[PDB]
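One-letter residues, chain by chain:
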Number of protein chains: 2
Amino acid sequence: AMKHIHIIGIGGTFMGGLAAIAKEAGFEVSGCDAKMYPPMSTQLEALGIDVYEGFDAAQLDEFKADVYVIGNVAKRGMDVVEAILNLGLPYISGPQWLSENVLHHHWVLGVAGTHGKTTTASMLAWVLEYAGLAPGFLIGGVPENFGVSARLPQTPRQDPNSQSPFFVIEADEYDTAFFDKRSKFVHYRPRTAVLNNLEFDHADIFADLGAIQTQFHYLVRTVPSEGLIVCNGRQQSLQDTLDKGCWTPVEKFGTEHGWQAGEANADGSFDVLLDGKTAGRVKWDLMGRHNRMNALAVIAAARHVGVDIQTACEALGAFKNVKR
Amino acid sequence: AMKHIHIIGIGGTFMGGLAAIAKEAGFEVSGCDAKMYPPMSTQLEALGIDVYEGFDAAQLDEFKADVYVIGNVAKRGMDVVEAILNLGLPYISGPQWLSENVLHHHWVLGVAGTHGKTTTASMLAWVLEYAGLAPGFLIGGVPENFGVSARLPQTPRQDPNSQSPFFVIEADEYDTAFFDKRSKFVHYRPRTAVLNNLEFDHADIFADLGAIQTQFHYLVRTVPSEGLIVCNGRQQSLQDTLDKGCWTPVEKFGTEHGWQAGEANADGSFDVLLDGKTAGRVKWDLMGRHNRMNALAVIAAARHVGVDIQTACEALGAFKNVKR
């Protein structure tokens, strides 16, 4: 008999993805949040997932759940949180729940960094899908190439009789929950880790990069030595992070000796360089040095799971930006 | 049969105590550590726990455990740890394992602080035993009133067909694991929390006094509103910690307006005072103020579970010292 989870703070792109995946993995899913509105509310409704309005402790009798999965938004003060702790009811964070029930089975490709995460994860998920690797993912927005923001791994083109091991996740650096101050990404145990960039600490704009770099260093501590770190080579803040300790091969991007994007064209195509040698060419309709940097990360990452550079470049040719 | 856990870093009282508890809870237990010695080595033998010498990866070939329980001594670079991560073997921290499999099923009374944790936790365990509550416990030494440093809750005097719900644990402020930088005590969810004191003596594990304050605040975040925080009231560092946020009644010891210990007599006995009123009298052979201070925390915690001041004062008279 499959379990009933009930999410405190079901709203937002993250727990919405976590609920979809949970439902798809055969759990029974219910939750609460502040009143929500289309598209997220009807979408959740369309999955057979009842949604309580508010944080009234009464919902515990109506939703006699097996475990309470707690979102970012939950805090001491809320009646349902207080009732959970008082009654000694089982509770667990979103990230930890996802990792225990889903990610720990999988080859996880995590995309961390302070900026460009959603796009880069979208580009990674697409490359893998284009390459026949049917990835699972959980991303902070509906990528234009798929219908949906979260799914389990599907059937690879070249082994119908089994499930893909690959799962792409946007790896948030924000707190896990009110009772787990560490970054979300600390739970995912990614085997392919993209460190997109490290720009500033959202929680204190006047702060030293120190505390955020530590969180990042804790991510690096969970990556196998047979894994790979795909790191932005143009930022002292990531190099300082790596300098604290690293046990895994690193590929830099945006550098002469690592992966580099060539000069862009009239049509917006550009050469992908590895250690200074031409390896491929991306002809897509995205513009911006930052998108070119993203593509570099995605290519290196995809290679690690066995995607040819050539196949990666054709994939990005069909990548679409999200439409307003 | 029941699950098999393999403890990486099974030496030391905390992980050895964890192994005894796991053993008694029906788990198959084995582990590894550096060359161990009596009395610990023979205690693990008496429990039938296979113990591998060293941290060589080759041990993983002997059998596959259901989960790998990682103690504090584990860190990256160590051969068995690198292999655990590369092979994607399941792994969990000692504290979290103890919490998920034992502590969350119980009423946890957690003893925290920079000093006196071992003594206070022992006193508290003993007071509970004396009152007929057959508590479980995990303590960092062997209390002389008991045979052991750890045990499940036993059957209480009043409910011979029942298990007691009380578990007393020494709530350590040092890290959970190389992959969980939080203090061990954030996994425990105590319903009765003793905060014995707070000085900066962990010079190196913590940047300063503030980092320990933050962890303590994170402890306070998990205490239910119907719980109790029993807190040293002579200390500013603790007051500052509470002002970060508290959602639970607090009782202060060592102050006039809270719990106080009167002057000691020509033999060691003292009055226990509440608000300025005599509540009881302890007849002791123990020395110094630090112990009478501990006594006050213990009586406060004991009262939270329903032990009468009188009975607790009495019990302390029968209290013998701790070992190791």
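Residues numbered from 1 in each chain as written, not as in the entry; some residues may be left out. Chains lettered and ligands numbered in written order. Heavy atoms only, no water. Residues with missing side-chain atoms left out of burial classes, pairs and counts.

- The deposited coordinates derive from X-ray crystallography, with the record listing a resolution of 2.55 Å.

### Regarding the overall build of chain A
Inference 1: Counting its secondary structure elements, chain A contains 10 helices and 17 strands.
Inference 2: A compact globule built from 324 residues should have a C-alpha radius of gyration of about 20 Å, and chain A, at 20 Å, falls within 12% of that.
Inference 3: Considered along the principal axes of its C-alpha atoms, chain A spans approximately 65 × 45 × 35 Å.
Inference 4: Look at the contacts in chain A between residues 6 or more apart in sequence, and 62% of them connect residues 24 or more apart. (Helix = DSSP H or I, 4+ residues; strand = E, 2+ residues; numbered from the N terminus. Rg over C-alpha atoms; globule rule 2.2 N^0.38 Å. Contact = heavy atoms within 4.5 Å.)

### Some points on the interface of chain B and chain A
Inference 1: Taken residue by residue, the interface counts 25 residues in chain B and 24 residues in chain A.
Inference 2: Regarding the contact of chain B and chain A, the summed buried area is about 2,400 Å², with carbon and sulfur atoms giving 41% of it.
Inference 3: Of all residues in chain B, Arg76(B), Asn86(B) and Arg182(B) give up the largest surface area on contact with chain A, accounting jointly for 26% of the area buried on that side.
Inference 4: Counting every contact that joins chain B to chain A gives two salt bridges.
Inference 5: Linking chain B with chain A are 17 residue pairs in polar contact, by the criterion used here.
Inference 6: Taken together, the elements giving at least two residues each to the side of chain B that touches chain A come down to α3 (79-86), α4 (94-101), β12 (180-183) and α6 (209-220) of chain B.
Inference 7: Across the side of chain B that touches chain A, the residue classes break down as nine nonpolar, six polar and 10 charged. (Buried area = accessible area lost by both parts, 1.4 Å probe. Salt bridge = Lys/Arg side-chain N within 4 Å of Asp/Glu carboxyl O. Polar contact = N/O pair within 3.5 Å; in protein donor to acceptor, adjacent residues only side chain to side chain. Nonpolar A, V, L, I, M, F, W, Y, C, P; charged D, E, K, R; others polar.)

### Considering the pattern of salt bridges
Inference 1: Applying the stated criterion across every chain, the model contains 21 salt bridges over all chains.
Inference 2: Across the pair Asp172(B) and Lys184(B) runs a salt bridge whose closest N-O atoms are separated by 3.9 Å. With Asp172(B) in the loop between β10 (166-170) and β11 (175-177) and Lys184(B) in the loop between β12 and β13 (192-195), this pair connects stretches of sequence that are 12 residues apart.
Inference 3: Residue class for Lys184(B) comes out buried when judged on its relative accessible area of 7%.
Inference 4: Of the charged contacts, one joins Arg281(B) and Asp271(B) as a salt bridge, the two residues approaching to 3.2 Å between their closest N and O atoms. A residue pair is termed long-range when its members are at least 10 positions apart, and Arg281(B) in strand β18 (residues 277-282) and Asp271(B) in strand β17 (residues 270-274) qualify at 10 residues.
Inference 5: Classification of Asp271(B) as partly exposed rests on a relative accessible area of 26%.
Inference 6: The network of salt bridges with shared partners includes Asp180(A), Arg182(A), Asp180(B) and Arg182(B). (Buried < 20%, exposed > 50% of the residue type's maximum accessible area, 1.4 Å probe, protein only.)

### Some points on the relation of the copies chain B and chain A
Inference 1: Mapping chain B onto chain A calls for a screw motion: a turn of 180° about the axis and a shift of 0.1 Å along it, with 1.1 Å RMSD after fitting. Put plainly, the chains are arranged around a two-fold axis. Distance from the rotation axis, computed per C-alpha, reaches its smallest value in chain B at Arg182(B): 4.1 Å.
Inference 2: The fraction of interface residues of chain B whose copies in chain A are also interface residues reaches 92%, indicating that both copies meet through the same surface. (Least-squares fit on C-alpha atoms.)

### Overview of the UniProt feature "binding site: ATP" (unreviewed entry) in chain A
Residue and element names in this part refer to chain A.
Inference 1: When the UniProt feature table is mapped to this numbering, "binding site: ATP" (unreviewed entry) covers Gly 113, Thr 114, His 115, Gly 116, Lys 117, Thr 118 and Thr 119.
Inference 2: Locating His 115 in the fold gives a position in the loop between β6 (107-112) and α6 (117-130).
Inference 3: Residues contacting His 115, with those up to four places away along its chain left out, are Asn 196, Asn 197, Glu 199 and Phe 200.
Inference 4: Among the secondary structure elements, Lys 117 is positioned in helix α6.
Inference 5: Looking at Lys 117, the relative accessible area reads 9%, which means it is buried.
Inference 6: Sequence-distant contacts of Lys 117, defined by excluding residues within four places in its chain, comprise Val 111, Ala 112, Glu 170, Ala 171, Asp 172, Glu 173 and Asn 196. (UniProt positions renumbered as here; feature names shortened; annotations may be inferred.)

### Overview of a nonpolar patch on the surface
Residues and elements named next belong to chain A.
Inference 1: A cluster of nonpolar residues, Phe 200, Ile 205 and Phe 206, forms a patch on the protein surface that exposes about 370 Å² of accessible area.
Inference 2: Its location among the elements puts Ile 205 in the loop between β12 (192-195) and α7 (210-220).
Inference 3: Looking at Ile 205, the relative accessible area reads 56%, which means it is exposed. (Patch = residues over 30% accessible without salt bridge, like charges linked within 9 Å, V, L, I, M, F, W, Y side chains within 5 Å. Areas by Shrake-Rupley, 256 points an atom, 1.4 Å probe, with all protein chains shown as cover.)

### A short note on the sheet that holds strand β3 (residues 51-53) of chain A
Residues and elements named next belong to chain A.
Inference 1: Across the sheet, five strands lie side by side as β3-β2-β1-β4-β5; this open sheet has parallel pairing. Looking at the sheet topology across the chains shown, the edges are occupied by β3 and β5 (91-93). Here the average twist between neighbouring strands, direction ignored, is 25°.
Inference 2: Along the sheet face, helix α5 (residues 94-101) touches β1 (4-8), β4 (67-70) and β5 and points at about 90° away from the line of β5. (Pairing = 2+ DSSP bridges. Axes fitted to C-alpha atoms, helices over the stretch in contact; angles between N-to-C directions.)

### Details of the domain arrangement of chain A
Residues and elements named next belong to chain A.
Inference 1: In terms of domain boundaries, chain A breaks down into domain 1 (1-93) and domain 2 (94-324).
Inference 2: The C-alpha centroid of domain 2 is placed 28 Å from the C-alpha centroid of domain 1.
Inference 3: Contacts between domain 1 and domain 2 engage 22 residues on the former and 26 residues on the latter.
Inference 4: Across the interface of domain 1 and domain 2, roughly 2,000 Å² is buried in total on both sides, 72% from carbon and sulfur atoms. (Domains from an automatic or database assignment.)

### Observations concerning the nonpolar core
Note that soluble globular proteins tend to have their nonpolar side chains buried in a common cluster.
Residue and element names in this part refer to chain B.
Inference 1: Among the nonpolar cores identified, the biggest contains 47 residues, and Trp 97 and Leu 98 are the most heavily contacted of them.
Inference 2: Element by element, the count of residues in this core is highest for helix α1 (residues 13-24), at six residues.
Inference 3: Counting contributing residues, this core receives three or more from each of domain 1 (1-93) and domain 2 (94-324).
Inference 4: Other than its neighbours up to four places away in sequence, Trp 97 contacts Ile 5, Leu 18, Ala 22, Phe 27, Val 67, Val 69 and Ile 92. (Core = buried A, V, L, I, M, F, W, Y, C linked by side-chain atoms within 4.5 Å.)

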